[PDB]
>>> print(open('target.cif').read())   # mmCIF, C-alpha atoms
data_upload
#
loop_
_atom_site.label_atom_id
_atom_site.label_comp_id
_atom_site.auth_asym_id
_atom_site.auth_seq_id
_atom_site.Cartn_x
_atom_site.Cartn_y
_atom_site.Cartn_z
CA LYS L 9 0.00 0.00 0.00
CA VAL L 10 2.62 2.49 1.15
CA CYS L 11 5.56 1.51 -1.07
CA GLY L 12 4.46 2.01 -4.65
CA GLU L 13 4.76 -0.84 -7.12
CA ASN L 14 6.71 1.59 -9.31
CA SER L 15 9.07 2.34 -6.40
CA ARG L 16 9.71 -1.38 -5.85
CA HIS L 17 10.24 -2.14 -9.53
CA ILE L 18 12.87 0.60 -9.87
CA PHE L 19 14.68 -0.28 -6.62
CA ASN L 20 14.85 -3.88 -7.77
CA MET L 21 16.19 -2.87 -11.20
CA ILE L 22 18.88 -0.66 -9.61
CA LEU L 23 19.95 -3.41 -7.21
CA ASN L 24 20.07 -5.83 -10.15
CA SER L 25 21.60 -3.14 -12.38
CA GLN L 26 25.06 -4.15 -13.54
CA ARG L 27 27.45 -3.04 -16.28
CA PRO L 28 28.10 -5.96 -16.16
CA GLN L 29 31.82 -5.85 -15.59
CA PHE L 30 34.41 -7.51 -17.84
CA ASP L 31 37.57 -8.37 -15.93
CA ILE L 32 40.46 -8.03 -18.40
CA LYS L 33 42.16 -11.25 -17.25
CA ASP L 34 38.85 -13.12 -17.61
CA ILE L 35 38.03 -11.97 -21.15
CA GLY L 36 41.50 -13.17 -22.15
CA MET L 37 43.49 -10.01 -22.90
CA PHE L 38 46.68 -11.18 -21.18
CA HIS L 39 46.20 -14.63 -22.69
CA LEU L 40 45.81 -13.07 -26.13
CA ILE L 41 49.07 -11.13 -25.71
CA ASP L 42 50.79 -14.26 -24.36
CA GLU L 43 49.84 -15.95 -27.62
CA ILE L 44 51.19 -13.02 -29.67
CA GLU L 45 54.54 -13.28 -27.87
CA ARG L 46 54.49 -17.06 -28.29
CA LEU L 47 53.93 -16.65 -32.03
CA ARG L 48 56.76 -14.09 -32.19
CA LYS L 49 59.30 -16.65 -30.97
CA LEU L 50 58.00 -19.35 -33.33
CA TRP L 51 58.23 -16.94 -36.26
CA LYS L 52 61.67 -15.69 -35.21
CA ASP L 53 63.00 -19.22 -34.60
CA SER L 54 61.87 -20.24 -38.08
CA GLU L 55 63.39 -17.09 -39.59
CA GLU L 56 66.67 -17.69 -37.72
CA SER L 57 66.81 -21.24 -39.04
CA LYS L 58 65.92 -19.87 -42.49
CA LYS L 59 68.71 -17.29 -42.13
CA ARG L 60 71.28 -19.92 -41.20
CA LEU L 61 70.20 -22.40 -43.88
CA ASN L 62 70.38 -19.72 -46.60
CA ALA L 63 74.07 -19.16 -45.81
CA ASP L 64 74.75 -22.89 -46.03
CA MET L 65 72.90 -22.93 -49.35
CA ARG L 66 74.86 -20.07 -50.91
CA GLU L 67 78.12 -21.74 -49.82
CA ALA L 68 77.13 -25.00 -51.51
CA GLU L 69 76.11 -23.13 -54.67
CA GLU L 70 79.41 -21.23 -54.69
CA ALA L 71 81.50 -24.38 -54.19
CA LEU L 72 79.45 -26.08 -56.89
CA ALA L 73 80.19 -23.14 -59.20
CA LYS L 74 83.93 -23.43 -58.55
CA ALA L 75 83.89 -27.20 -59.11
CA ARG L 76 82.10 -26.93 -62.47
CA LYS L 77 84.65 -24.42 -63.76
CA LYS L 78 87.40 -26.83 -62.68
CA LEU L 79 85.44 -29.58 -64.43
CA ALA L 80 85.60 -27.44 -67.58
CA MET L 81 89.39 -26.98 -67.29
CA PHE L 82 90.05 -30.67 -66.56
CA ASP L 83 88.24 -31.66 -69.74
CA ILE L 84 90.59 -29.37 -71.68
CA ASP L 85 93.63 -30.63 -69.76
CA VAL L 86 92.74 -34.32 -70.23
CA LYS L 87 92.48 -34.02 -74.03
CA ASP L 88 95.61 -31.85 -74.29
CA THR L 89 97.83 -34.11 -72.16
CA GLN L 90 96.60 -37.12 -74.14
CA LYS L 91 97.74 -35.30 -77.28
CA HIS L 92 101.16 -34.59 -75.75
CA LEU L 93 101.43 -38.28 -74.84
CA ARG L 94 100.74 -39.29 -78.45
CA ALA L 95 103.45 -36.95 -79.71
CA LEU L 96 106.04 -38.36 -77.29
CA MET L 97 105.03 -41.94 -78.13
CA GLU L 98 105.52 -41.16 -81.84
CA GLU L 99 108.88 -39.52 -81.13
CA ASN L 100 109.88 -42.52 -79.02
CA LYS L 101 108.84 -44.99 -81.74
CA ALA L 102 110.82 -43.08 -84.37
CA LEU L 103 113.96 -42.70 -82.25
CA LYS L 104 114.01 -46.44 -81.49
CA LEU L 105 113.45 -47.23 -85.17
CA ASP L 106 116.39 -45.03 -86.16
CA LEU L 107 118.60 -46.59 -83.50
CA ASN L 108 117.59 -50.12 -84.50
CA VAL L 109 118.32 -49.45 -88.18
CA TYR L 110 121.71 -47.84 -87.59
CA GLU L 111 122.84 -50.53 -85.13
CA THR L 112 122.03 -53.34 -87.59
CA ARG L 113 124.07 -51.43 -90.17
CA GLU L 114 126.99 -51.16 -87.74
CA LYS A 9 13.65 25.15 -11.25
CA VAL A 10 11.39 22.30 -12.32
CA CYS A 11 13.89 19.41 -12.30
CA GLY A 12 14.95 19.05 -8.67
CA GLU A 13 18.64 18.76 -7.83
CA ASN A 14 18.01 15.35 -6.24
CA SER A 15 16.38 14.23 -9.50
CA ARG A 16 19.49 15.30 -11.44
CA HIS A 17 21.97 13.75 -9.00
CA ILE A 18 20.26 10.35 -9.00
CA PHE A 19 19.95 10.28 -12.79
CA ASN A 20 23.63 11.21 -13.19
CA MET A 21 24.79 8.48 -10.80
CA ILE A 22 22.67 5.93 -12.67
CA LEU A 23 24.08 7.21 -15.98
CA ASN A 24 27.60 6.54 -14.68
CA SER A 25 26.65 3.07 -13.39
CA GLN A 26 25.52 1.86 -16.83
CA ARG A 27 28.14 3.32 -19.17
CA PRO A 28 30.69 0.82 -20.54
CA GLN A 29 34.13 2.14 -19.52
CA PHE A 30 35.62 -0.77 -21.59
CA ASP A 31 33.99 -1.42 -24.98
CA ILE A 32 35.44 -4.68 -26.31
CA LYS A 33 35.82 -3.30 -29.84
CA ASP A 34 37.39 -0.14 -28.38
CA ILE A 35 39.94 -1.76 -26.03
CA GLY A 36 41.36 -3.70 -28.99
CA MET A 37 40.22 -7.31 -28.65
CA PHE A 38 39.61 -7.63 -32.39
CA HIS A 39 42.95 -6.01 -33.21
CA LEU A 40 44.80 -8.53 -31.01
CA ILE A 41 42.98 -11.42 -32.71
CA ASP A 42 43.83 -9.78 -36.04
CA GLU A 43 47.49 -9.86 -34.98
CA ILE A 44 47.44 -13.53 -33.93
CA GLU A 45 46.03 -14.49 -37.34
CA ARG A 46 48.49 -12.20 -39.13
CA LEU A 47 51.44 -13.73 -37.27
CA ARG A 48 50.00 -17.19 -37.92
CA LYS A 49 50.17 -16.56 -41.67
CA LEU A 50 53.75 -15.23 -41.43
CA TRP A 51 54.73 -18.22 -39.27
CA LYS A 52 53.12 -20.60 -41.77
CA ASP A 53 54.91 -18.88 -44.66
CA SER A 54 58.26 -19.18 -42.89
CA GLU A 55 57.75 -22.88 -42.16
CA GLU A 56 56.74 -23.42 -45.79
CA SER A 57 59.73 -21.42 -47.04
CA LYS A 58 61.99 -23.40 -44.70
CA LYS A 59 60.63 -26.65 -46.15
CA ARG A 60 61.53 -25.62 -49.71
CA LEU A 61 65.03 -24.43 -48.74
CA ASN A 62 65.66 -27.91 -47.34
CA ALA A 63 64.60 -29.34 -50.70
CA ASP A 64 66.85 -26.81 -52.42
CA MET A 65 69.70 -27.75 -50.07
CA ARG A 66 69.45 -31.51 -50.67
CA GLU A 67 69.77 -30.97 -54.43
CA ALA A 68 72.61 -28.45 -54.18
CA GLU A 69 74.62 -30.72 -51.86
CA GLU A 70 74.03 -33.76 -54.09
CA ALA A 71 75.19 -32.00 -57.25
CA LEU A 72 78.25 -30.65 -55.44
CA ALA A 73 79.01 -34.21 -54.34
CA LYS A 74 78.68 -35.41 -57.95
CA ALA A 75 81.02 -32.67 -59.18
CA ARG A 76 83.63 -33.60 -56.56
CA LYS A 77 83.40 -37.23 -57.66
CA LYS A 78 84.07 -36.14 -61.25
CA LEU A 79 86.91 -33.88 -60.10
CA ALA A 80 88.62 -36.88 -58.51
CA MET A 81 88.14 -38.98 -61.65
CA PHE A 82 89.71 -36.33 -63.87
CA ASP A 83 92.59 -35.75 -61.44
CA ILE A 84 93.44 -39.45 -61.24
CA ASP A 85 93.52 -39.79 -65.04
CA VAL A 86 95.49 -36.55 -65.48
CA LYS A 87 98.09 -37.68 -62.93
CA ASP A 88 98.22 -41.11 -64.60
CA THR A 89 99.01 -39.77 -68.08
CA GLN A 90 101.47 -37.33 -66.52
CA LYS A 91 103.16 -40.40 -65.00
CA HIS A 92 103.44 -42.10 -68.40
CA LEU A 93 104.52 -38.78 -69.90
CA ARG A 94 107.43 -38.49 -67.46
CA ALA A 95 108.45 -42.07 -68.28
CA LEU A 96 108.44 -41.39 -72.03
CA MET A 97 110.53 -38.27 -71.42
CA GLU A 98 113.07 -40.36 -69.52
CA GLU A 99 113.03 -42.92 -72.34
CA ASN A 100 113.31 -40.32 -75.16
CA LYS A 101 116.27 -38.61 -73.46
CA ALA A 102 118.14 -41.92 -73.31
CA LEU A 103 117.46 -42.71 -76.98
CA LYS A 104 118.83 -39.30 -77.99
CA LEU A 105 121.94 -40.03 -75.97
CA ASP A 106 122.57 -43.21 -77.94
CA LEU A 107 122.14 -41.43 -81.28
CA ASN A 108 124.22 -38.45 -80.18
CA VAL A 109 127.53 -40.27 -79.42
CA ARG K 439 7.90 16.03 6.72
CA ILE K 440 7.57 12.25 6.87
CA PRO K 441 5.87 10.71 9.95
CA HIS K 442 7.99 8.01 11.58
CA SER K 443 5.25 5.40 11.06
CA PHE K 444 5.10 5.94 7.30
CA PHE K 445 8.90 5.83 7.27
CA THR K 446 9.24 2.40 8.88
CA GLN K 447 6.31 0.93 6.94
CA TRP K 448 7.73 2.09 3.60
CA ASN K 449 11.36 0.98 4.10
CA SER K 450 10.35 -2.43 5.37
CA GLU K 451 7.80 -2.83 2.54
CA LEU K 452 10.47 -2.05 -0.05
CA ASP K 453 12.96 -4.48 1.50
CA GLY K 454 10.41 -7.30 1.61
CA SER K 455 9.95 -6.97 -2.16
CA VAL K 456 13.67 -6.76 -2.99
CA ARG K 457 14.83 -9.87 -4.84
CA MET K 458 18.49 -10.28 -5.79
CA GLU K 459 18.76 -12.61 -8.77
CA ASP K 460 21.33 -14.70 -10.62
CA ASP K 461 19.69 -16.55 -13.48
CA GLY K 462 23.08 -16.26 -15.19
CA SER K 463 21.90 -13.65 -17.71
CA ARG K 464 24.43 -11.00 -16.69
CA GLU K 465 27.27 -13.51 -16.28
CA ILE K 466 30.21 -13.61 -18.69
CA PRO K 467 30.65 -16.72 -20.89
CA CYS K 468 33.86 -18.70 -20.45
CA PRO K 469 36.64 -18.24 -23.05
CA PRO K 470 37.65 -20.95 -25.57
CA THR K 471 41.33 -21.89 -25.97
CA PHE K 472 43.89 -19.16 -26.65
CA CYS K 473 46.69 -21.43 -27.93
CA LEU K 474 47.34 -22.26 -31.59
CA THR K 475 48.31 -25.93 -31.89
CA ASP K 476 50.20 -25.35 -35.15
CA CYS K 477 50.62 -22.80 -37.94
CA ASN K 478 47.49 -24.19 -39.66
CA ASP K 479 45.22 -23.83 -36.61
CA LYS K 480 42.83 -21.22 -37.97
CA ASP K 481 39.92 -22.84 -36.11
CA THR K 482 41.31 -21.52 -32.83
CA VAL K 483 41.62 -18.02 -34.30
CA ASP K 484 38.02 -18.39 -35.48
CA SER K 485 37.00 -19.41 -31.97
CA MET K 486 38.71 -16.26 -30.67
CA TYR K 487 36.74 -14.05 -33.07
CA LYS K 488 33.59 -15.97 -32.13
CA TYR K 489 34.23 -15.35 -28.43
CA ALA K 490 35.11 -11.68 -28.94
CA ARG K 491 32.00 -11.24 -31.08
CA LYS K 492 29.95 -13.07 -28.46
CA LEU K 493 31.51 -10.89 -25.75
CA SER K 494 31.10 -7.46 -27.34
CA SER K 495 27.66 -8.20 -28.68
CA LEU K 496 26.68 -9.77 -25.38
CA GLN K 497 26.73 -6.80 -23.02
CA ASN K 498 28.46 -3.67 -24.20
CA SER K 499 26.36 -3.38 -27.34
CA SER K 500 23.44 -5.32 -25.87
CA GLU K 501 23.24 -4.58 -22.12
CA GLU K 502 22.57 -0.95 -23.02
CA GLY K 503 19.11 -2.28 -23.96
CA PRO K 504 17.89 -3.54 -20.57
CA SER K 505 19.77 -0.71 -18.83
CA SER K 506 17.83 1.76 -20.97
CA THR K 507 14.68 0.33 -19.39
CA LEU K 508 15.95 1.57 -16.05
CA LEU K 509 16.89 4.95 -17.53
CA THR K 510 13.50 5.51 -19.14
CA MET K 511 11.59 4.20 -16.11
CA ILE K 512 13.62 6.31 -13.68
CA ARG K 513 13.07 9.31 -15.96
CA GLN K 514 9.27 9.06 -15.94
CA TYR K 515 9.34 8.25 -12.22
CA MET K 516 11.26 11.39 -11.26
CA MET K 517 9.38 13.70 -13.62
CA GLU K 518 6.22 12.46 -11.91
CA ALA K 519 7.60 13.10 -8.42
CA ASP K 520 8.81 16.56 -9.45
CA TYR K 521 5.42 17.44 -10.93
CA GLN K 522 3.58 16.35 -7.80
CA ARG K 523 5.70 18.88 -5.91
CA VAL K 524 4.03 21.69 -7.89
CA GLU K 525 0.62 19.99 -7.65
CA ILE K 526 1.05 19.85 -3.86
CA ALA K 527 1.99 23.53 -3.75
CA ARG K 528 -1.06 24.45 -5.82
CA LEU K 529 -3.40 22.36 -3.65
CA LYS K 530 -2.03 23.91 -0.45
CA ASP K 531 -2.42 27.44 -1.83
CA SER K 532 -5.94 26.50 -2.92
CA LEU K 533 -6.57 25.20 0.61
CA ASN K 534 -5.31 28.41 2.24
CA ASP K 535 -7.51 30.50 -0.06
CA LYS K 536 -10.60 28.55 1.02
CA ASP K 537 -9.62 28.97 4.68
CA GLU K 538 -9.69 32.76 4.29
CA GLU K 539 -12.92 32.37 2.28
CA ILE K 540 -14.70 30.24 4.91
CA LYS K 541 -14.47 33.17 7.37
CA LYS K 542 -16.24 35.65 5.05
CA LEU K 543 -19.22 33.28 5.02
CA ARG K 544 -19.39 33.60 8.81
CA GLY K 545 -19.62 37.39 8.57
CA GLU C 438 0.22 10.37 -13.54
CA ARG C 439 -1.00 12.84 -16.16
CA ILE C 440 1.81 15.30 -16.87
CA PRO C 441 1.12 18.40 -19.00
CA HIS C 442 3.40 18.42 -22.03
CA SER C 443 4.69 21.89 -21.14
CA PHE C 444 6.10 20.49 -17.89
CA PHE C 445 7.28 17.29 -19.59
CA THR C 446 9.24 19.40 -22.09
CA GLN C 447 10.77 21.76 -19.51
CA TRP C 448 11.72 18.95 -17.11
CA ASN C 449 13.41 16.86 -19.81
CA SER C 450 15.30 19.93 -21.04
CA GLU C 451 16.39 20.65 -17.47
CA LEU C 452 17.54 17.07 -16.91
CA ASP C 453 19.23 16.67 -20.30
CA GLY C 454 21.22 19.87 -19.73
CA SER C 455 22.54 18.65 -16.36
CA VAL C 456 24.05 15.41 -17.71
CA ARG C 457 27.80 15.65 -17.19
CA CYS C 477 59.11 -6.94 -36.78
CA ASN C 478 60.41 -9.82 -34.64
CA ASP C 479 60.78 -7.12 -31.98
CA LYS C 480 60.07 -7.54 -28.27
CA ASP C 481 59.54 -3.86 -27.37
CA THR C 482 56.06 -3.54 -28.90
CA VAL C 483 54.85 -6.77 -27.27
CA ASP C 484 55.98 -5.42 -23.89
CA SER C 485 53.95 -2.30 -24.70
CA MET C 486 50.84 -4.47 -25.09
CA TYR C 487 51.33 -6.04 -21.65
CA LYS C 488 51.95 -2.56 -20.23
CA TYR C 489 48.71 -1.19 -21.69
CA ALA C 490 46.68 -4.16 -20.43
CA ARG C 491 48.44 -3.97 -17.05
CA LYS C 492 47.28 -0.39 -16.43
CA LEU C 493 43.88 -1.11 -17.98
CA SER C 494 43.51 -3.94 -15.46
CA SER C 495 44.68 -1.62 -12.66
CA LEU C 496 42.14 0.97 -13.81
CA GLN C 497 39.57 -1.84 -13.68
CA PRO C 504 25.32 0.50 -7.52
CA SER C 505 26.95 2.66 -4.86
CA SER C 506 25.81 2.65 -1.24
CA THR C 507 25.10 6.38 -1.50
CA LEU C 508 23.02 5.89 -4.65
CA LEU C 509 21.04 3.19 -2.85
CA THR C 510 20.43 5.46 0.14
CA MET C 511 19.53 8.49 -1.99
CA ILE C 512 17.05 6.59 -4.17
CA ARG C 513 15.45 5.18 -1.00
CA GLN C 514 14.74 8.62 0.49
CA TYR C 515 13.68 9.92 -2.93
CA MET C 516 11.13 7.18 -3.59
CA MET C 517 9.85 7.43 -0.02
CA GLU C 518 9.18 11.14 -0.54
CA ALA C 519 7.50 10.48 -3.89
CA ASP C 520 5.15 7.84 -2.46
CA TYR C 521 4.39 10.02 0.56
CA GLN C 522 3.55 12.96 -1.69
CA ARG C 523 0.96 10.76 -3.40
CA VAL C 524 -1.13 10.10 -0.27
CA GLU C 525 -0.46 13.71 0.77
CA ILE C 526 -2.09 14.75 -2.52
CA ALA C 527 -5.10 12.50 -1.91
CA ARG C 528 -5.34 13.93 1.62
CA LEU C 529 -5.47 17.49 0.29
CA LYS C 530 -8.07 16.53 -2.33
CA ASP C 531 -10.37 15.07 0.33
CA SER C 532 -9.80 18.09 2.58
CA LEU C 533 -10.54 20.15 -0.55
CA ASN C 534 -14.00 18.68 -1.10
CA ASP C 535 -14.66 19.14 2.62
CA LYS C 536 -14.02 22.87 2.29
CA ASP C 537 -16.23 23.04 -0.81
CA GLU C 538 -19.32 21.70 0.95
CA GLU C 539 -18.28 23.79 3.94
CA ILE C 540 -18.58 26.62 1.39
CA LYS C 541 -21.52 24.88 -0.41
CA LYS C 542 -23.70 24.63 2.70
CA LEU C 543 -22.90 28.19 3.72
#
>>> encode(input="target.cif", output="structure tokens")
Amino acid sequence: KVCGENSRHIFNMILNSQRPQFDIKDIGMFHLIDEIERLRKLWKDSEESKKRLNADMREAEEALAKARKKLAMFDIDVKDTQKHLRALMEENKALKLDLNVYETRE
Amino acid sequence: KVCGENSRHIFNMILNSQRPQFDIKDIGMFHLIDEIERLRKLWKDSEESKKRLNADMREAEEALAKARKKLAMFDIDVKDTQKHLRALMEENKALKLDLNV
Amino acid sequence: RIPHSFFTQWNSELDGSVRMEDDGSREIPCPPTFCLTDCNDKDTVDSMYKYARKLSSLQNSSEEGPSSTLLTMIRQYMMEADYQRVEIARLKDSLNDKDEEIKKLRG
Amino acid sequence: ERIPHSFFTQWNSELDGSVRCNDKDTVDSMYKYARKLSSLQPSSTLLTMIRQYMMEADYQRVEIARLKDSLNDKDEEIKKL
């Protein structure tokens, strides 16, 4: 009778009135940042390994480049030395033939 | 005048008890999630790029190993003919000595 | 000024109608997982967006709706109380006028 | 109850005018921001002001009805005389 129904309804709403509050730890803000930092290390560790592997790769490519030039020279050297061998064999054959003719004549 | 001071004070207090001093869009929740996904893509790209460099490295090392095998073959043959060459030189010199007396 | 009897009857009558409630409506939903299992775990990132969307939509955009009910109801309540203050003043002045008028009838 | 629109308009106006990469530095800035935001994160005086207020408002209502009865009494006290 004395306390109006309107008065009660409002007092109840105010008592039950709430933001309601979002605690930052509860909604996951610190957890979200933890995950960002966790991803940073995973990305950096992969990039570090990618940095280090790239230097091993360029070294292999450079040594491969030096070897193939040497492979080009050796092919020239092999054929040329074989030709020098043939000339000396022919000189050797001829010198022996001369010596063997002249000795039989002596 | 008409609106009593008590009426204003109570309404103001209630206004301050309902206002969101931390809007989730405003405090940056979506931006942080944006960053996790962005870093995820960069992490994935790095792991993928690292996979291919390993495949590039296995080929480069194998071809270098093949070249070094060839380099040894050529060097053994070169040294072998050089050995016969030195012998023929020794032999030719002696033959000339016979003819020259 | 309020009589002490009305005072005690009102306060007690308000308190006996007060009901504090937790149906869980104004409670915050629990978060999913915040850890990516691998670099292909986009489902977890999706679950984060889903939670954040659930969160921001839940109260901050939405709880301004039921809280507006309090703001509108308190507004009409107080405007009514403030108007009755002038209605009271008018009725008292009207009562005083009739007091001075009752005497003339005697004469 | 029934509020004349002239008063409704003046009261609202009176109330509405009284409302008054691969870096670690940036990550540490995020923690810092959320650490102060967490530190930054119904009053008892509101509850006790709204109680008095609503008690006055409900008392004014029966006080009105008292004056209205006492008003008809004076009318027939005029009406008879």
>>> closest_atom_pairs(input="target.cif", of="chain K", to="chain C", cutoff="12 Å", atoms="only C-alpha atoms", output="JSON lines")
{"residue": "K:439", "atom": "CA", "partner": "C:518", "partner_atom": "CA", "distance": 8.8}
{"residue": "K:440", "atom": "CA", "partner": "C:521", "partner_atom": "CA", "distance": 7.4}
{"residue": "K:441", "atom": "CA", "partner": "C:521", "partner_atom": "CA", "distance": 9.5}
{"residue": "K:442", "atom": "CA", "partner": "C:517", "partner_atom": "CA", "distance": 11.8}
{"residue": "K:443", "atom": "CA", "partner": "C:521", "partner_atom": "CA", "distance": 11.5}
{"residue": "K:444", "atom": "CA", "partner": "C:521", "partner_atom": "CA", "distance": 7.9}
{"residue": "K:445", "atom": "CA", "partner": "C:517", "partner_atom": "CA", "distance": 7.5}
{"residue": "K:446", "atom": "CA", "partner": "C:517", "partner_atom": "CA", "distance": 10.2}
{"residue": "K:447", "atom": "CA", "partner": "C:517", "partner_atom": "CA", "distance": 10.2}
{"residue": "K:448", "atom": "CA", "partner": "C:517", "partner_atom": "CA", "distance": 6.8}
{"residue": "K:449", "atom": "CA", "partner": "C:513", "partner_atom": "CA", "distance": 7.8}
{"residue": "K:450", "atom": "CA", "partner": "C:513", "partner_atom": "CA", "distance": 11.2}
{"residue": "K:451", "atom": "CA", "partner": "C:517", "partner_atom": "CA", "distance": 10.8}
{"residue": "K:452", "atom": "CA", "partner": "C:513", "partner_atom": "CA", "distance": 8.8}
{"residue": "K:453", "atom": "CA", "partner": "C:513", "partner_atom": "CA", "distance": 10.3}
{"residue": "K:510", "atom": "CA", "partner": "C:449", "partner_atom": "CA", "distance": 11.4}
{"residue": "K:512", "atom": "CA", "partner": "C:512", "partner_atom": "CA", "distance": 10.1}
{"residue": "K:513", "atom": "CA", "partner": "C:449", "partner_atom": "CA", "distance": 8.5}
{"residue": "K:514", "atom": "CA", "partner": "C:445", "partner_atom": "CA", "distance": 9.2}
{"residue": "K:515", "atom": "CA", "partner": "C:519", "partner_atom": "CA", "distance": 8.8}
{"residue": "K:516", "atom": "CA", "partner": "C:519", "partner_atom": "CA", "distance": 8.3}
{"residue": "K:517", "atom": "CA", "partner": "C:448", "partner_atom": "CA", "distance": 6.7}
{"residue": "K:518", "atom": "CA", "partner": "C:438", "partner_atom": "CA", "distance": 6.6}
{"residue": "K:519", "atom": "CA", "partner": "C:519", "partner_atom": "CA", "distance": 5.2}
{"residue": "K:520", "atom": "CA", "partner": "C:519", "partner_atom": "CA", "distance": 8.3}
{"residue": "K:521", "atom": "CA", "partner": "C:440", "partner_atom": "CA", "distance": 7.3}
{"residue": "K:522", "atom": "CA", "partner": "C:522", "partner_atom": "CA", "distance": 7.0}
{"residue": "K:523", "atom": "CA", "partner": "C:522", "partner_atom": "CA", "distance": 7.6}
{"residue": "K:524", "atom": "CA", "partner": "C:444", "partner_atom": "CA", "distance": 10.3}
{"residue": "K:525", "atom": "CA", "partner": "C:526", "partner_atom": "CA", "distance": 7.8}
{"residue": "K:526", "atom": "CA", "partner": "C:526", "partner_atom": "CA", "distance": 6.1}
{"residue": "K:527", "atom": "CA", "partner": "C:526", "partner_atom": "CA", "distance": 9.8}
{"residue": "K:528", "atom": "CA", "partner": "C:529", "partner_atom": "CA", "distance": 10.3}
{"residue": "K:529", "atom": "CA", "partner": "C:529", "partner_atom": "CA", "distance": 6.6}
{"residue": "K:530", "atom": "CA", "partner": "C:529", "partner_atom": "CA", "distance": 7.3}
{"residue": "K:531", "atom": "CA", "partner": "C:529", "partner_atom": "CA", "distance": 10.6}
{"residue": "K:532", "atom": "CA", "partner": "C:533", "partner_atom": "CA", "distance": 8.2}
{"residue": "K:533", "atom": "CA", "partner": "C:533", "partner_atom": "CA", "distance": 6.5}
{"residue": "K:534", "atom": "CA", "partner": "C:533", "partner_atom": "CA", "distance": 10.2}
{"residue": "K:535", "atom": "CA", "partner": "C:536", "partner_atom": "CA", "distance": 10.3}
{"residue": "K:536", "atom": "CA", "partner": "C:536", "partner_atom": "CA", "distance": 6.8}
{"residue": "K:537", "atom": "CA", "partner": "C:536", "partner_atom": "CA", "distance": 7.9}
{"residue": "K:538", "atom": "CA", "partner": "C:536", "partner_atom": "CA", "distance": 11.0}
{"residue": "K:539", "atom": "CA", "partner": "C:540", "partner_atom": "CA", "distance": 8.1}
{"residue": "K:540", "atom": "CA", "partner": "C:540", "partner_atom": "CA", "distance": 6.4}
{"residue": "K:541", "atom": "CA", "partner": "C:540", "partner_atom": "CA", "distance": 9.8}
{"residue": "K:542", "atom": "CA", "partner": "C:540", "partner_atom": "CA", "distance": 10.0}
{"residue": "K:543", "atom": "CA", "partner": "C:543", "partner_atom": "CA", "distance": 6.4}
{"residue": "K:544", "atom": "CA", "partner": "C:543", "partner_atom": "CA", "distance": 8.2}
{"residue": "K:545", "atom": "CA", "partner": "C:543", "partner_atom": "CA", "distance": 10.9}
>>> interface_residues(input="target.cif", of="chain K", to="chain A", cutoff="12 Å", atoms="only C-alpha atoms", output="count of residues only")
54
>>> atom_distance(input="target.cif", atom1="CA of residue 512 in chain C", atom2="CA of residue 11 in chain L")
12.9 Å
>>> atom_distance(input="target.cif", atom1="CA of residue 88 in chain L", atom2="CA of residue 107 in chain L")
28.8 Å
>>> interface_residues(input="target.cif", of="chain C", to="chain A", cutoff="12 Å", atoms="all atoms listed in the file", output="compact mmCIF listing (two decimals) with C-alpha atoms, keeping the file's coordinate frame")
# COMPACT_ATOMS: atom_id res chain seq x y z
CA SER C 443 4.69 21.89 -21.14
CA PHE C 444 6.10 20.49 -17.89
CA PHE C 445 7.28 17.29 -19.59
CA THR C 446 9.24 19.40 -22.09
CA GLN C 447 10.77 21.76 -19.51
CA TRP C 448 11.72 18.95 -17.11
CA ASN C 449 13.41 16.86 -19.81
CA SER C 450 15.30 19.93 -21.04
CA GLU C 451 16.39 20.65 -17.47
CA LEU C 452 17.54 17.07 -16.91
CA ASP C 453 19.23 16.67 -20.30
CA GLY C 454 21.22 19.87 -19.73
CA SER C 455 22.54 18.65 -16.36
CA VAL C 456 24.05 15.41 -17.71
CA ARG C 457 27.80 15.65 -17.19
CA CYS C 477 59.11 -6.94 -36.78
CA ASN C 478 60.41 -9.82 -34.64
CA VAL C 483 54.85 -6.77 -27.27
CA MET C 486 50.84 -4.47 -25.09
CA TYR C 487 51.33 -6.04 -21.65
CA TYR C 489 48.71 -1.19 -21.69
CA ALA C 490 46.68 -4.16 -20.43
CA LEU C 493 43.88 -1.11 -17.98
CA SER C 494 43.51 -3.94 -15.46
CA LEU C 496 42.14 0.97 -13.81
CA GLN C 497 39.57 -1.84 -13.68
CA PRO C 504 25.32 0.50 -7.52
CA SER C 505 26.95 2.66 -4.86
CA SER C 506 25.81 2.65 -1.24
CA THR C 507 25.10 6.38 -1.50
CA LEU C 508 23.02 5.89 -4.65
CA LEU C 509 21.04 3.19 -2.85
CA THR C 510 20.43 5.46 0.14
CA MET C 511 19.53 8.49 -1.99
CA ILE C 512 17.05 6.59 -4.17
CA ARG C 513 15.45 5.18 -1.00
CA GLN C 514 14.74 8.62 0.49
CA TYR C 515 13.68 9.92 -2.93
CA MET C 516 11.13 7.18 -3.59
CA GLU C 518 9.18 11.14 -0.54
CA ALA C 519 7.50 10.48 -3.89
>>> resolve_selection(input="target.cif", expression="the PyMOL selection byres ((chain L) within 6 of (chain A))", output="JSON, numbers by chain")
{"L": [27, 44, 51, 58, 65, 72, 86, 93, 100]}
>>> closest_atom_pairs(input="target.cif", of="chain L", to="chain K", cutoff="7 Å", atoms="all atoms listed in the file", output="CSV")
residue,atom,partner,partner_atom,distance
L:10,CA,K:448,CA,5.7
L:11,CA,K:448,CA,5.2
L:16,CA,K:452,CA,5.9
L:18,CA,K:512,CA,6.9
L:20,CA,K:456,CA,5.7
L:21,CA,K:508,CA,6.6
L:24,CA,K:458,CA,6.4
L:28,CA,K:464,CA,6.3
L:35,CA,K:469,CA,6.7
L:39,CA,K:472,CA,6.4
L:40,CA,K:472,CA,6.4
L:43,CA,K:473,CA,6.3
